[PDB]
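Take a look at this single chain, the form deposited without the ligand, given in structure tokens.
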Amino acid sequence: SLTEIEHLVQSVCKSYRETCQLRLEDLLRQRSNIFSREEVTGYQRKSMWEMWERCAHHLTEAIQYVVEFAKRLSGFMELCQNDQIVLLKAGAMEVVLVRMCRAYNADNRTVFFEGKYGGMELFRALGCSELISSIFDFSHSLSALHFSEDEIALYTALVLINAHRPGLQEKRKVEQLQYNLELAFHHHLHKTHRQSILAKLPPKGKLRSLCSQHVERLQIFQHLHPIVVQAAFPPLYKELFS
């Protein structure tokens, strides 16, 4: 079923186009739009907890777009609800972190944040400099690959659809979706002469560890200073919030 695989590609890429938040062309064109030193100081002088509220709300929105991404993947809504939640709990923030590389400019080590590009020093008030450095470093590694939009879409589909996540109830059903996505990704890389990126993808455990550290810090902040969430997915919200 060759066209089936070429189908799944178009459908992962449609889901991705509909949920990617900002077009790559817009992110690239704005690269010259950089926060001034005056604007940087304004962010650095904000309360920890206001910077936390702003960042938490951008991240909640990013997670919701990833959930919509998964929901639009052919086969995902046919998984049982338990397995949908297991997969999204384990992988949605991993996908958010990967998606960040599109908004990262390796030339000056800046990220697109609230309308302009700024470096790590923008986030000083959060007092999380080690975690922020790890996020910038990771985006720097991914940015060297020059990910195309379909590569990010297919790669992040596989971040989510991982039959190894503990707690799955219909593991063979997740495996079938995983195998088809893997074939789609590998067929696409062969067609575009891009198989060389396979050896350059983040090693096993590196995205897991960064995401673990990230979510753990978000949980600490939410314990100290809870944000109000525009909750759209009750079964998933209930797994992350208490």
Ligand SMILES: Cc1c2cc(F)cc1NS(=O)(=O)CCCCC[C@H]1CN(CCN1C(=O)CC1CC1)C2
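Each residue number is its position in the shown sequence, starting from 1.
Exercise for the section: Compare the mean C-alpha B-factor of 87-95 with that of 138-146 as given in the PDB entry, and name the stretch with the higher value. Expected result: Looking at the record's C-alpha B-factors, the answer is 138-146.
Exercise for the section: Could you settle it for me: does 71-79 or 149-157 have the higher average Cα B factor in the PDB entry? Expected result: Result: 71-79.
Handout entry: Which of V174, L183, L28, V66 ranks first by CA B-factor in the deposited coordinates
Key = Answer, based on the entry's C-alpha B-factors: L28.
Exercise for the section: Go through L189, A62, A199, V215 one by one and give the residue whose Cα B-factor in the PDB entry is largest. Expected result: The listed residue with the largest C-alpha B-factor is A199.
Handout entry: Record-listed C-alpha B factor of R23: chain third
Key = It belongs to the highest third of the chain when residues are ordered by C-alpha B-factor.
Problem - Where the record places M100 (Cα B-factor, split into thirds across the chain) - result: Lowest third of the chain for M100's C-alpha B-factor.
Practice task
Please place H223 in the lowest, middle or highest third of its chain by C-alpha B factor as given in the entry.
Solution key: For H223, the deposited C-alpha B-factor lands in the middle third.
Problem - Third of chain Cα B-factors occupied by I34 - result: Ranked within chain, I34 CA B lands in the highest tercile.
Problem - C55, C-alpha B-factor rank within chain (lowest, middle or highest third) - result: Lowest third of the chain for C55's C-alpha B-factor.
This protein has a second form, the form deposited with the ligand bound, left out of what is shown; the following refers to that one.
Practice task
Classify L183 as contacting or not contacting the ligand in the deposited complex by the rule of any non-hydrogen atom within 4.5 angstroms, answering yes or no.
Solution key: Judged by the heavy-atom cut-off of 4.5 Å, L183 is well away from the ligand in the deposited complex.
Exercise for the section: Please check if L73 has a heavy atom lying within 4.5 Å of any heavy atom of the ligand in the deposited complex. Expected result: Flag for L73 set to no.
Problem - the ligand contact in the deposited complex: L59, any heavy atom under 4.5 Å - result: Within the cut-off, so yes.
Exercise for the section: Examine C55 and determine whether its closest non-hydrogen atom to the ligand in the deposited complex is within 4.5 angstroms. Expected result: Residue-level check for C55: yes, a contact with the ligand.
Exercise for the section: Would you kindly say which of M100, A163, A106, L158 lies with a heavy atom within 4.5 Å of the ligand in the deposited complex? Expected result: Of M100, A163, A106, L158, the residue with a heavy atom within 4.5 Å of the ligand in the deposited complex is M100.
Handout entry: Among the candidates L168, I135, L79, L154, the residue which, in the deposited complex, approaches the ligand to within 4.5 Å (heavy atoms)
Key = Looking at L168, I135, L79, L154 one by one, just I135 meets the 4.5 Å heavy-atom criterion.
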